[PDB]
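Values below: every heavy atom of this structure, side chains too, minus hydrogens, waters and symmetry copies. In what follows, every chain begins at residue 1, and chains take the letters A, B, ... in the order their sequences are listed.
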Amino acid sequence: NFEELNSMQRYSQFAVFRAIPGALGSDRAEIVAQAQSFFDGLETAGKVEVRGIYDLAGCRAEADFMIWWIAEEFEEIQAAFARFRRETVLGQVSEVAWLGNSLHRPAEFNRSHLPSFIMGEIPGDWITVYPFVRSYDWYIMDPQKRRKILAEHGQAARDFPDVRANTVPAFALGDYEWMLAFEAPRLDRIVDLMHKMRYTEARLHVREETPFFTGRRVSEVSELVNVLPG
Amino acid sequence: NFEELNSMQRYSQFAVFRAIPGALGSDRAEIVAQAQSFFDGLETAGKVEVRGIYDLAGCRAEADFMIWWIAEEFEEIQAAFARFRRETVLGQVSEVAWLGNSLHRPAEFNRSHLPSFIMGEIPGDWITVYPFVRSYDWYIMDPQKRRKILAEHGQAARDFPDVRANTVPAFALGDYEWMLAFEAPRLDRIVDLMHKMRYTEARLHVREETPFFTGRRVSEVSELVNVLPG
Amino acid sequence: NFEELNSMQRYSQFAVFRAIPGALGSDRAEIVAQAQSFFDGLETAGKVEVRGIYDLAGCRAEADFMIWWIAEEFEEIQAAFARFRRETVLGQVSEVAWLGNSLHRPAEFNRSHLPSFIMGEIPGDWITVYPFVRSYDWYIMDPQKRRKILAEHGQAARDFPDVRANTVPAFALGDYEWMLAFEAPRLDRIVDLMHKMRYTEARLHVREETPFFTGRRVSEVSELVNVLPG
Amino acid sequence: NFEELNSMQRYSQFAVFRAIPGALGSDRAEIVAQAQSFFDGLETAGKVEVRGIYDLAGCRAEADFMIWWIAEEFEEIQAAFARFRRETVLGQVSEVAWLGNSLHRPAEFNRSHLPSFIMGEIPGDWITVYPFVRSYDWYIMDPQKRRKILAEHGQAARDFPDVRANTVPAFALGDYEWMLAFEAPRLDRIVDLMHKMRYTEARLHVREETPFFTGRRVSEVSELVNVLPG
Amino acid sequence: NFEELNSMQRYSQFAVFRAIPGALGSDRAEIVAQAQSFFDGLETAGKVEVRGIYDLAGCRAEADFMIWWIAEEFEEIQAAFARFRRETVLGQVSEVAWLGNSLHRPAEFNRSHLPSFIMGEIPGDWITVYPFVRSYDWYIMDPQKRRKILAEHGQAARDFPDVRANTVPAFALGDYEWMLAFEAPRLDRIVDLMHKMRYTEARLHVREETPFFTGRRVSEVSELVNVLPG
Ligand code: HEM
Ligand code: HEM
Ligand code: HEM
Ligand code: HEM
Ligand code: HEM
């Protein structure tokens, strides 16, 4: 099944939205119902799978929530994103703060390493998401040296098996080279893993790893809508 | 033939526009008709050739669609751009997010390499566009060394004949040195080509290659207008 | 008690808010009462401890005040922040300018060094807060060399015992690695400490240390509200 | 006369303005008349000389037009700029996007090199304008080495006599060190000159050279006003 | 005398404001009277000394005027700044663009060098103001080497005795390390001094010296208000 997983085509998108104060209002039952119906229709259509909806309140100033969804074709993700912005009140009263796009590809050296969403694992309660850009000479470095560096990098995360990693190529889908998403039952586990991962040689070959988006998964869109400002 | 193609003068522009939420509205038949009439008049005039209209939804937060058009004189492009912003409702309800200008010139060493729009090829279904700035010492480097680096760079793209490249000088037309546009029937081909091109020595002489704009070509302006946010 | 203080889990947040001119109005008695009731309810609930409210007027153009609060679970901080933005007029008429999140962890070498808020010290009259990012090679450097550098760094502050330091890990909670907060009875002491600390080898291993937020602690929220613009 | 030209005191300003969509309207006869009267009064007063008015449409997203004007005293330029923003509808419905200030000084080595506006040449149909910041060690370089580098730089532009250069010091008048303005009858000449000038050793001593503003000179302000967005 | 000047406590602030077009209006007599009354009350209170009010029109796009004021305690500056933004129409119709804070301290080596405002000199007709950040290794450099570099730097300004310099520490009061203000009867003298100062070894140890604010001192607030955009 590993060959099928490595050969499968899956576009993934983290759509980060910022709430506009004073636009949502105080009566939100109909907004909740409309958003829930939109997501139910997305699920029924069977093209775009909504991996998660995350509350980003308190993480950074310019973000309020995030939608992680995956589809076989990128045009399906485009249609879902445009429809969410166009035909839902929740989409109309929110601005797009950041979009993280990626396309699933097999790893360069360790082909047994696959994204958590590709392997169909249960999403974690807490997520962190950020783009990544390697150094200019990273890819033309001696393949044995890069393979050893990546092996040490992966070994450094052996003490955090409860944190599931998604490392997806993001070339030509934005300003970045990779999209990284870490899911864990507890946020402190993600923080500790990020702290521990600084002790790796791979840190010498980093150009950009911002912005960060840290959020808590919500069971339903009502829980997210009822906490938004304005 | 090739000498004439290398000697012809052609200005090209990627005009990227962002939709203003709450401005387009829900009734869009007359807006579609007016935009289509504007583009038909542009085609009839025969000065500005609209190479393509692309839907950028889901690519990045600050972009919504893109117009790629080419004219012999830059005054004609200026007039078309101003007229689109001034006399069309679609232009009036959109903000200009980014402009990529370029002027066609023959290549430094491989004079047989020509832009896809200069060759008059059929535009691809998917496009990616970004500006490019080389390193400070790139142009004063030993011409033989730079020629060999560029030859290896080109050779690295031998496995993607279905991805057509447009590399056009952009000096003094903006903040950048080159404008790069890649057209392909499938987006995954563009992503794979961009990933593969990282394994080149030319990556050691890069200063700026952002922002990126990835989009899908639309057959007519109605298809684009009907998906924009209200 | 030191082991428990190094083992306790505490999330800390500096929520920086900017006032919107013309939104607060001139009649502020009811706004003051509502904000005071919100903070009293926060204190009564016993989950989120508001360490301080600080007036940032005159520090920088994009900030007006700041709330420093600490909770055992980050979801409690999220709920408090969202509730402040949603159910108080003061939170509705202000924008979020910057959020500094951190999770308390024991120090790498000097485990006797603890944050002032962890030790339960009385907050100082003046505070300065900024994020911090170390150099790429800082964590993979020889542990003895880094320990010596950090020892010299801490020793350089021998002459400022009245300035209490809070150095908290901030990995995966934002764009930064550390969150630093210095509390002192006098602002000039903070300025002198920051000037003196430039004479350390650790300054050779700094990547980002901005933005800064310098403020005065207010006894009650009325004192802050009565000086806000508009 | 060369000594008199070198000793002459002349402040020059490129004031770049961006049109606010929806503010100018459709009836522009009275606006055109008022702007023309303002510029005629400026010419009659004899203090501020308007070198040119340039249409920047299609160059970059944040610019719409530019005014190049020169006066003996900088307070005269300040007064003219304030009056244009205050007493003309065109000034009131536009935002200031960028200001390039400079004061004429003789060249360091080649004192025969003078700005085109100092020599009183006829302005070209096309202009490009950008600020410039040299490297930190550029000025403390060995004077003979810097003189040789500058001589080679000037010699590299021997094939573009139709492009007139304006290199003016800009220290303490902004964020930059120099203001550069190139005027040519054809835009392609400016593009070719900028491309050719990359093959110089001086490119090794560049820190900032952006933003760029490329525009076409208009005969009268009516031509500019009639093309601005509504 | 000099010991008292080096030991006195003085906070200084440059508050830069940008005018909001369409907010001031055309009838400005009462606004002028209210602003003048506010400044007269500030003078009468005797705590905050307004060193100057400067017209920044034509300097940069994001600035319109500047207030330079000095007080013994930073709380007094905070109160004056908040009161200006809160109780004056001029403060209400303007937005803070940049704040430069500093605290007077004696120089490291040449203790006879004091800020012009500390020595009580008459303010010049023209001012330039900018923040400054030294290199990372500047303060841990060999003290004799740094002293020699600073001596050569100071000596390089031997030919500009008419330009008075204010170099004040700015640590922990913002994003910067130093705040520099140069006052001169003529702006061309400031430009020439800044040009000449580039020929110093100290230029090798600069990290940040922007933004710049150049302005002309006004005799009274009416002169400033009457030129602001409507
Ligand atoms: C539990 C956490 C993590 C695990 C298990 C892990 C493991 C791995 C593995 C096995 C690979 C495959 C490399 C190969 O063989 O080609 C990989 C790739 C990668 N990892 Fe991680 N890693 C973790 C955390 C991180 C962190 C914290 C970062 C960045 C701060 C990161 C950045 C990357 C990137 C960008 C790649 C793409 C390969 C490349 O850059 O060439 N990962 N990771
Ligand atoms: C199918 C894809 C590509 C093909 C066939 C290709 C091939 C070429 C060729 C033949 C040249 C002219 C070399 C010469 O004049 O000696 C060229 C120029 C250039 N290419 Fe590509 N390339 C491709 C992709 C890319 C990518 C991915 C980038 C950047 C990330 C890029 C950046 C450039 C630039 C900036 C130039 C201008 C020449 C210069 O910088 O001096 N190209 N390319
Ligand atoms: C009264 C003021 C200060 C005191 C007493 C102090 C002392 C200390 C001590 C004892 C540590 C423990 C390091 C270890 O044992 O591993 C530490 C860590 C740290 N300090 Fe300070 N310091 C002060 C000011 C500063 C300043 C001014 C900065 C930055 C400009 C700073 C940045 C840091 C950082 C980032 C750490 C985390 C350790 C690391 O980076 O690996 N501190 N400090
Ligand atoms: C037709 C085009 C050009 C001509 C004729 C030309 C020639 C010259 C000459 C003769 C000088 C006097 C240097 C001296 O002896 O002190 C000069 C200065 C200068 N040039 Fe050019 N140049 C041209 C284009 C450019 C370009 C394309 C740039 C930058 C991209 C540039 C940047 C500068 C600067 C910044 C100076 C100031 C001197 C300094 O930096 O120390 N010029 N130029
Ligand atoms: C008339 C103009 C100027 C005069 C008379 C002057 C002179 C001095 C003197 C005597 C000091 C004392 C240094 C010491 O004793 O430790 C000093 C400090 C300083 N000067 Fe200047 N200078 C001038 C212009 C400038 C300029 C143009 C800059 C920056 C572009 C600058 C940046 C600084 C800074 C940042 C310091 C703080 C000391 C330090 O960085 O360690 N000054 N200046």
Side-chain angles (χ1 to χ4, degrees), chain A residues 18-22 24 26 28 55-65 125-130 135 152 156 163 180 182 184 186-216 218 224 226-230, chain C residues 9-11 13 15-18 20 23 62 69 71-88 91-105 108 133-141 143 146 168-178 207-208:
Chain A
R18 173 189 100 85
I20 310 162
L24 194 53
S26 295
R28 308 181 186 185
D55 178 21
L56 307 185
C59 166
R60 55 189 316 119
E62 50 267 73
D64 273 311
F65 65 95
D125 292 348
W126 289 88
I127 203 176
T128 202
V129 164
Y130 57 106
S135 65
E152 263 133 35
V163 182
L180 313 181
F182 300 93
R186 288 191 280 130
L187 183 51
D188 56 274
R189 296 296 288 156
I190 295 174
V191 176
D192 284 333
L193 168 81
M194 209 69 33
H195 193 175
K196 169 54 190 303
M197 283 307 267
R198 288 299 205 262
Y199 294 72
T200 54
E201 189 175 356
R203 297 298 303 169
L204 295 183
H205 308 276
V206 184
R207 268 207 291 134
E208 202 187 343
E209 56 190 321
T210 51
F212 266 73
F213 300 95
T214 293
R216 188 187 53 90
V218 300
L224 170 70
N226 284 332
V227 311
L228 286 172
Chain C
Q9 186 198 277
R10 284 293 182 283
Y11 290 89
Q13 175 179 84
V16 178
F17 295 89
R18 178 189 92 88
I20 309 163
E62 48 266 84
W69 48 25
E72 180 167 46
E73 300 295 334
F74 190 67
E75 40 265 64
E76 298 160 344
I77 283 173
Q78 289 196 296
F81 173 83
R83 188 145 63 80
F84 174 74
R85 289 184 72 205
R86 188 179 64 253
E87 311 191 358
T88 67
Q92 289 157 11
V93 305
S94 303
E95 323 178 334
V96 185
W98 185 81
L99 294 172
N101 302 307
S102 59
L103 171 63
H104 161 78
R105 286 286 174 258
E108 194 182 10
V133 176
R134 284 276 179 213
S135 63
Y136 285 117
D137 73 324
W138 169 255
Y139 302 91
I140 61 170
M141 149 204 306
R146 184 170 60 257
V168 201
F171 306 90
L173 304 174
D175 291 348
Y176 319 107
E177 297 180 349
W178 300 89
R207 268 207 289 137
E208 293 134 46

Given a strict heavy-atom distance threshold of 4.5 Å, which part of [X] is in contact with chain A: side chain, backbone, both, or neither?
X	answer
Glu73(C)	neither
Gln9(C)	side chain
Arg83(C)	neither
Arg207(C)	side chain
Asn101(C)	side chain
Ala97(C)	backbone
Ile77(C)	neither
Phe171(C)	both
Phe84(C)	neither

Check whether any side-chain heavy atom of [X] sits under 4.5 Å from a side-chain heavy atom of [Y], and report yes or no.
X	Y	result
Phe74(C)	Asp188(A)	no
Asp175(C)	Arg60(A)	yes
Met194(A)	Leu173(C)	no
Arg198(A)	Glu177(C)	yes

Under a 4.5 Å heavy-atom cut-off, does chain C meet the side chain of [X], its backbone, both or neither?
X	result
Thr200(A)	backbone
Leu56(A)	backbone
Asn226(A)	backbone
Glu62(A)	neither
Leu193(A)	neither
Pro211(A)	both

### Query
Which pair of non-hydrogen atoms, one from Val96(C) and one from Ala61(A), has the smallest distance, and what is that distance?
O-CB, 3.3 Å
### Summary
Smallest heavy-atom separation, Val227(A) atom then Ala82(C) atom, equals O-CB, 3.7 Å
### Task
Kindly determine whether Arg105(C) and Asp192(A) satisfy side-chain contact (heavy atoms from CB on, under 4.5 Å), including the steps that lead there.
CA-CA 9 Å; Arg105(C) 286 286 174 258; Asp192(A) 284 333; 2.9 Å; yes
### Message
Working to the nearest 0.5 angstrom, can you tell me the gap between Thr210(A) OG1 and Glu208(C) CD?
### Response
7.0 Å
### Message
Nearest 0.5 angstrom please: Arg134(C) CZ to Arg203(A) CZ, how far?
### Response
14.5 Å
### Intermediate values then yes/no, side-chain contact (heavy atoms from CB on, under 4.5 Å), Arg85(C) and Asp64(A)
CA-CA 12 Å; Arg85(C) 289 184 72 205; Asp64(A) 273 311; 3.3 Å; yes
### Message
Using modelled atom types and a 3.5 Å cut-off, is there a donor and acceptor pairing between side-chain atoms of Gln78(C) and backbone atoms of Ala57(A)?
### Response
yes
### Task
Report the option among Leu187(A), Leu204(A), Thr214(A) that has the most heavy-atom pairs separated by less than 4.5 Å from atoms of chain C.
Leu187(A)
### Pairs of heavy atoms under 4.5 Å with chain A: top-ranked of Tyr176(C), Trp138(C), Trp98(C), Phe81(C)
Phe81(C)
